[PDB]
Amino acid sequence: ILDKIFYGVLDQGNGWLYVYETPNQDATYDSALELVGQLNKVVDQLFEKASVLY
Amino acid sequence: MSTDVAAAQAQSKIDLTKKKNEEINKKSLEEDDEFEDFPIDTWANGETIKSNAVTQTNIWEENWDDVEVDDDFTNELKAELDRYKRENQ
Amino acid sequence: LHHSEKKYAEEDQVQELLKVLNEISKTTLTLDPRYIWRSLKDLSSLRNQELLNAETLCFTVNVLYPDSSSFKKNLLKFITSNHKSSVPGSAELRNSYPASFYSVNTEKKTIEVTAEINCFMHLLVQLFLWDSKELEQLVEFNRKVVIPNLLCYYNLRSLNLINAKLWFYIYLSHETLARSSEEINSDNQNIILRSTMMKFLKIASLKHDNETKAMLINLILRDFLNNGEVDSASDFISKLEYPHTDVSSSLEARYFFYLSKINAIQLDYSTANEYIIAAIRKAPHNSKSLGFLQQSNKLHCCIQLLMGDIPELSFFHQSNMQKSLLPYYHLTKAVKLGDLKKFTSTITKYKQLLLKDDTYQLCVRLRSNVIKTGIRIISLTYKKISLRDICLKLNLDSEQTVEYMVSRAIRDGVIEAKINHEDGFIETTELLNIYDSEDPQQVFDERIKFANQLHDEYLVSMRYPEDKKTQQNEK
Amino acid sequence: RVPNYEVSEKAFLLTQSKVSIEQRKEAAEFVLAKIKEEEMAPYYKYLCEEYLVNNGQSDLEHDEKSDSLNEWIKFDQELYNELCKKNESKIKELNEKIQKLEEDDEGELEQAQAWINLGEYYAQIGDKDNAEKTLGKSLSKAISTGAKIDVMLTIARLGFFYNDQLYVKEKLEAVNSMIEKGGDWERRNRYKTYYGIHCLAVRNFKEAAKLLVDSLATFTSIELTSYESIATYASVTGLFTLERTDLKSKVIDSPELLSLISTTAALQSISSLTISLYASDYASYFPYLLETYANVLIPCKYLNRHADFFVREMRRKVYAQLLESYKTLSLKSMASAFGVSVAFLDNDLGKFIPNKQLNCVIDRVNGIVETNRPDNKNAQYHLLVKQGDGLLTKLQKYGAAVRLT
Amino acid sequence: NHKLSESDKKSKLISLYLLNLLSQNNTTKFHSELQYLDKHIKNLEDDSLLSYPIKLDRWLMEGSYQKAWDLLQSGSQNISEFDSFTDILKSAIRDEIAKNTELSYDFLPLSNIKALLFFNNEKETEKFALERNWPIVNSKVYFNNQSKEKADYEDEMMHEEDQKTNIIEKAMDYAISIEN
């Protein structure tokens, strides 16, 4: 399970084994993470241009 | 001496002839610079800024410690004392 | 030699005045006059201080004066009199002007435009007293002289903007004298000080001066706070008019910082937090602004412990403001850990300092937040937890008492648990996965509107200075 | 060059007194011998600075404190005379040579070399100021790029030599600029090992980890501490940053680490600890957590600052991996797992869970550990919003600021 | 001040007023009034009678109704005029708890309701419940019903389109902004 090579969780509160094949994550939503990162990149250099004005 | 990230307001604002009086007025309104009043006021100089390595001078990064007590002495006592219980089990 | 030095200082001032005089003869304006006026005030503040105590006096004598020149000179007598450079050739002139306050014309009285001149000689006498760093009777005499002059006739738009900056100094010098050595007549004269400030705001409403209105609002908030008349200030802040159109960014920094004080007292910690961050981002990084920032940071730490939010340890370490902020750093560690014993030490160790800033009142409310923060840590750490275990950890009383703390604490939602009194544990309600609920919908909407608002402010501001330049001849 | 990094290590043990008694005494013996041979006496004055009524002091030139556990750090007056004698002779003999070398023609080779030899002597005996000044001339003179990078690592070695992190930091930015300008592959490897130990000295262990695995593939034994010390640092950092999957592939795609096998006490302890984490049996982990503190962090110059930090972070990491693969645990089965007792465990957990940096809850009624770590899209949302709150904030301030001026 | 402005009667009179604001249950006003007093006596005539209202306000902010009831009960020993605000403040502790208990539980036996609400009589508990609108049926309360009624009232009032915030309403906002 640490390998994440089938999926599933090991349950010792009852002593069962859950096996899953369920959808997990979201690709479209994943790429949003980089896009905020890219917008945060651009403004650092914007603000170097804006300290020539103050 | 700069409030939050030091570089973030050092680039944000800089001096003007126009602004310089108003700034001085702001610090006078509170009534002092409030960093040179404080040693006289207490009648000591820092020893309680020497609480932790990071507190004194920031020449490291943050750990998220706030007492900096070695945790090796407690983890060692747990280790040996647990073994003995199992030995006497 | 000695005449040359006072003459040079005078000639600097004349060019700055003459610039504005020309500008207000075409059509009175607000902002173009101010930028020049702010530059002049800096030079006067530096020349009054550094170059003798009689360089103001030369100017005051040089122009026509109602009775000001004699009132100026009085102040100088006390600290070793001056008499030099008041003979003709400092009083046989009214100092280059084309014809609008020129020597030949004024003496002849074909015109007299003491209008602008009187307001500037006031500006000097206020600057000169704060330079000296003196108070006593000289303050009283400054209060008495300028106020009815300006109230026995309406001012033009330009003259109102000079007289807003005098009110701040009158107020500041009165308040410092009480703090050097409290007196019993300082108290009764404060009612007088109080009356003029609010009456001023009405006067500025009719002239439709944006920058005059804003600076008086900043004064009323400060004046209530040192008198502690918060009740009257709570009515005021829900009935304001502040513009942010022409105001300087120092005025805006101050305005937001005042709100944060009153709000914190009313047990609003969520609105106070928003506004104190506003005040800091306007302010410079400079040691010029240093003392404004310390008081601001003192309040900023305090608000977070009142919420349960608990400031960063980094925040003290990245600034060199550590020693000022030393008492709030000991509170930060105390509330986080849950240790009442640590907390009680901090407020006894540093009581005197806290009580100076009049932030001690705010600090005692934190004895509650240790207990409430302590229960939130224990509900995080154990989903279900006996009552007795809490009593050991936070050094509290019976379990019945602890039950009551939680029943109250979840009315604000601090703990976000609920008590079973027949099952004997406390069961928290968080088990996240709110992305399967409809919550993020609500959130994204708000950020989108926040962006729309910054777009709009971009539109009006971008073109207004552009418009001034393209109209203006420079071809 | 060679003996300087040896002495500084052994001196760091005497500066502390938390180190084993036999380790500290033997360390005293090695540094005293080298005072005679290499004139490390001026460096012996620096050790008293670090004390003043703090332990590990028994000095005779300074104040002797017998409330201390060190007593072999005598600053005798036999040593102090030996210094003045050796100091004078060497300055007189070397000066006379160099004056005449400068006079003979050729600035490109000869005059550059003659001044470098001045900086080698002052570097060697631990006078930083005089090494600095004479080696500044060497750089200015027309010399190859390789020579400059060399001299810059030599100045920066003195910062390691005083074990002041501050001096080092500046000098390694200078090499970092000049290494692209030289285009010399020979000393590029030297840069990696210096700069690895600098990331190690600061809390950037993501950067240190990449450097210290590269030091296995190429090591340089000129002015740089032992191959066993470089192996130990790689293991320390590898555990810090990398969890099972990443960590296993690192020490299985590292054959060089393996040839060195554990041949010193510091190296055992970290190497055994590695096995237990990524094998998913933390039975041995908890006793070894103590050993690694004892034999790596305390003796080293670059991890004693982080001694307490390391054990705090690692205690989270090992628990997290068990909690990830288990939707539920029993406190008892989990207590057996580490080799700890039930109550001891709750304490360690009670620190990690409020910062919410470990994501678990503990039913103490049922006895089970529930894991509320989201393994779905809720997790991704928890990343996103704190970045976007900041985005909003960053634009509000920069935009508002330019309108006003 | 220090010239016939400060007296023994003054210290007594302000003490009584602070209880007035607190027994009306305005803590907005109480804390804003406390500043004004900071400037005046609180270390120039120290707290010896003004400590009373300040202690009390604190104990309910941490949430301890034990410490709060005790401080009131020992002020009931002193039949003077301070006690005329003490009974108001014991009525207030009951109401606060009755605001809390909706989230806190769902079932309490009647002996348990009595315990939280500081009643010594089981009859007295039943009498407050009529007035406070708690349905005790077969000697057990039902907070889930009460919660419903109050929620229903809050849905009824006109706030309601953008209180909920409709899926449709969100996009309509976006649309006109880009075209404006």
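Brief remarks on what is shown
- Residue list for segment C:16-54, filter: exposed (fewer than 14 other Cβ atoms within 10 Å of the Cβ), away from chain B (no Cβ under 14 Å) and either closer than 24 Å to residue B:23 by Cβ or basic (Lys, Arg) (or both): C:26, C:50
- The conditions of being touching a residue at least 60 places away in the same chain (Cβ under 8 Å) and either part of a helix (DSSP H, G or I) or more than 8 Å from chain A (Cβ to nearest Cβ) (or both) are met by residue D:314.
- Among the residues of segment D:180-216, those that are away from chain B (no Cβ under 14 Å), in contact (Cβ under 8 Å) with a residue 24 or more places away in the chain, out of contact with any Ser or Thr (no Cβ under 9 Å at 6 or more places or on another chain) and in a helix (DSSP H, G or I) comprise D:191, D:194.
- Per the conditions (1) of a type in the set (A, V, I, L, M); (2) buried (at least 17 other Cβ atoms within 10 Å of the Cβ); (3) within 36 Å of the chain's Cα centre (by Cα), the sole criterion not satisfied by residue D:342 is (2).
- Hits in segment C:55-83 - residues which are in contact (Cβ under 8 Å) with a residue 40 or more places away in the chain and assigned to a loop (DSSP other than H, G, I, E, B): C:63, C:64, C:65, C:66, C:78, C:79
- Residue in segment D:144-156 that is on the phi > 0 side of the Ramachandran plot, surrounded by 16 or more Cβ atoms within 10 Å (Cβ to Cβ), touching a residue at least 12 places away in the same chain (Cβ under 8 Å) and not small (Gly, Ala, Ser) present: no
- Pairs with Cβ under 7 Å, 6+ apart, first in segment C:272-293 and at the interface with chain B (Cβ under 7 Å from one of its Cβ atoms) and within 14 Å of residue D:401 (Cα to Cα), second assigned to a helix (DSSP H, G or I) and small (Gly, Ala, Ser): C:280/C:296; C:285/B:10
- Complete set of residues in segment E:1-37 that are basic (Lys, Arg), surrounded by fewer than 16 Cβ atoms within 10 Å (Cβ to Cβ) and at the interface with another protein chain (Cβ under 8 Å from one of its Cβ atoms): E:3
- Count of residues meeting criterion [facing another protein chain (nearest Cβ under 7 Å) and either surrounded by fewer than 17 Cβ atoms within 10 Å (Cβ to Cβ) or not basic (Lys, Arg) (or both)] in segment D:365-384: 12
Here's the yes/no breakdown for (1) within 30 Å of residue C:413 (Cβ to Cβ); (2) more than 8 Å from chain C (Cβ to nearest Cβ):
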{"residue": "E:39", "(1), (2)": "no, no"}
{"residue": "E:42", "(1), (2)": "no, yes"}
{"residue": "E:45", "(1), (2)": "no, yes"}
{"residue": "E:55", "(1), (2)": "yes, yes"}
{"residue": "E:84", "(1), (2)": "no, yes"}
{"residue": "E:95", "(1), (2)": "yes, yes"}
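- Complete set of residues in segment B:37-79 that are facing chain D (nearest Cβ under 9 Å) and not in a loop (DSSP other than H, G, I, E, B): B:53, B:72, B:74, B:75, B:76, B:78, B:79
- Residue pairs whose Cβ atoms lie under 7 Å apart, separated by 6 or more positions or on different chains, with the first residue in segment C:165-184 and within 14 Å of chain E (Cβ to nearest Cβ) and the second surrounded by fewer than 19 Cβ atoms within 10 Å (Cβ to Cβ) and among the small types (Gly, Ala, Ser), are C:178/C:186.
- Answer residue from segment D:50-103, given it is within 22 Å of residue D:130 (Cβ to Cβ) and either hydroxyl-bearing (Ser, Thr, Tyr) or outside the structural domain of residue D:34 (by CATH) (or both) and is surrounded by the most Cβ atoms within 10 Å (Cβ to Cβ) among those: D:80
- Residue check for residue D:319: part of a helix (DSSP H, G or I) and within 11 Å of chain B (Cβ to nearest Cβ): no
- For residue C:228, the conditions (1) closer than 20 Å to residue B:19 by Cβ; (2) within 14 Å of chain E (Cβ to nearest Cβ) are fulfilled apart from (1).
- Residues of segment E:133-157 satisfying the condition of being part of a helix (DSSP H, G or I) and in contact with a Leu (Cβ under 9 Å, 6 or more places away or on another chain): E:143, E:147
- Selected residue (only one of D:355, D:295, D:304 is within 8 Å of another protein chain (Cβ to nearest Cβ), within 29 Å of the chain's Cα centre (by Cα) and closer than 21 Å to residue D:205 by Cβ): D:355
- Restricting segment C:401-425 to residues that are charged (D, E, K, R) and in a helix (DSSP H, G or I), the residue that is nearest to the other protein chains (Cβ to nearest Cβ) is C:408.
- When segment D:1-33 is filtered for residues that are basic (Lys, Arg), farther than 17 Å from residue D:48 by Cβ and part of a helix (DSSP H, G or I), only D:25 remains.
- Filtered residue count, segment E:58-111, keeping only those that are acidic (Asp, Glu), under 24 Å from residue E:151 (Cβ atoms) and touching a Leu at 6+ places or on another chain (Cβ under 8 Å): 1
- Wholly enclosed helices (runs of 4 or more DSSP H) of segment C:259-366 bearing at least 3 residues within 25 Å of residue C:236 (Cα to Cα): C:270-282, C:290-307, C:360-364
- Residue match in segment D:51-74 (condition: without any contact (Cβ under 8 Å) to a residue 12 or more places away in the chain and under 22 Å from residue D:164 (Cα atoms)): yes
- Residue in segment A:22-30 that is more than 9 Å from chain D (Cβ to nearest Cβ), closer than 30 Å to residue B:11 by Cα and not in a loop (DSSP other than H, G, I, E, B) present: no
- Complete set of residues in segment C:250-289 that are under 12 Å from residue B:3 (Cβ atoms) and either of a type in the set (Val, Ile, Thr) or more than 13 Å from the chain's Cα centre (by Cα) (or both): C:276, C:277, C:280, C:281, C:284, C:285, C:286, C:287
- Among residues of segment C:354-387, those that are aromatic (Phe, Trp, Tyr) and either surrounded by fewer than 19 Cβ atoms within 10 Å (Cβ to Cβ) or over 20 Å from residue C:429 (Cβ atoms) (or both), counted: 1
- Selection status of residue C:253, buried (at least 17 other Cβ atoms within 10 Å of the Cβ), within 26 Å of residue B:15 (Cα to Cα) and of a type in the set (A, V, I, L, M): yes
- Once segment D:385-405 is narrowed to residues that are of a type in the set (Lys, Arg) and at the interface with chain C (Cβ under 9 Å from one of its Cβ atoms), the residue that is farthest from residue D:313 (Cα to Cα) is D:403.
Basis: the model, the stated rules and, where named, an outside source; these are not laboratory values. Backbone-built Cβ (ideal geometry, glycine too); neighbour counts: all protein chains shown.
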